[PDB]
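2 protein chains.
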Amino acid sequence: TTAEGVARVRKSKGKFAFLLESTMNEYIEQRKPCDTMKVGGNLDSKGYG
Amino acid sequence: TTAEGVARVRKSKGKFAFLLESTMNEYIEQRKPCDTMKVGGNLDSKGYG
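From first to last, the protein sequence lines are chains A and D.
Count along the first sequence from 1, add 706, and you get the number used in the authors' numbering.
Count along the second sequence from 1, add 706, and you get the number used in the authors' numbering.
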């Protein structure tokens, strides 16, 4: 689950990075404790239907 | 023209920055005299048709 990926980033002291959709990334970047960040450009361009 | 924007960056001693598509930016970054760089993420995501 996405939540598990977020936890792994948050708990791994910088030793795990998570590949996920920009929408989810940007959402989590605005949630406490505000310890994650989106870096780089997006790797592709698509949409939800 | 794009060429004019490139020239303006190259000749302006750091006092001009040019907003252009990532494709053109990345191409010029690999042309002599290798004095320009793409910085930051892309501002949008789109395509040529």
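Note that CB positions come from ideal geometry on N, CA and C, so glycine has one too.
Handout entry: Supposed close pair D:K738, D:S728 - CB separation, criterion 8 Å
Key = As a first step, residue 738 of chain D must be located in the second sequence, where it is residue number 32. As a first step, residue 728 of chain D must be located in the second sequence, where it is residue number 22. Contact check for D:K738 and D:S728: beta-carbon distance about 20 Å, past the 8 Å limit, so the pair fails to qualify.
Problem - Cβ distance (whole Å) where D:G746 is taken to contact A:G746 below 8 Å - result: As a working note, residue 746 of chain D is residue 40 in the second sequence. As a working note, residue 746 of chain A is residue 40 in the first sequence. With 8 Å as the limit, D:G746 and A:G746 do not qualify as a contact, their Cβ atoms being about 10 Å apart.
Handout entry: Within chain A, the residues that D:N731 reaches when beta carbons sit closer than 8 Å
Key = Translated into the one-based positions of the second sequence, residue 731 of chain D becomes position 25. Simply none; closest approach about 12 Å.
Handout entry: Per-residue DSSP class, three states only, for A:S718
Key = In the first sequence, counting from the first residue as 1, residue 718 of chain A sits at position 12. Note: A:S718 maps to coil in three-state DSSP.
Problem - Backbone CA spacing between D:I734 and D:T742 [nearest angstrom] - result: Locating residue 734 of chain D in the second sequence gives position 28, counting from the first residue. Locating residue 742 of chain D in the second sequence gives position 36, counting from the first residue. About 7 Å.
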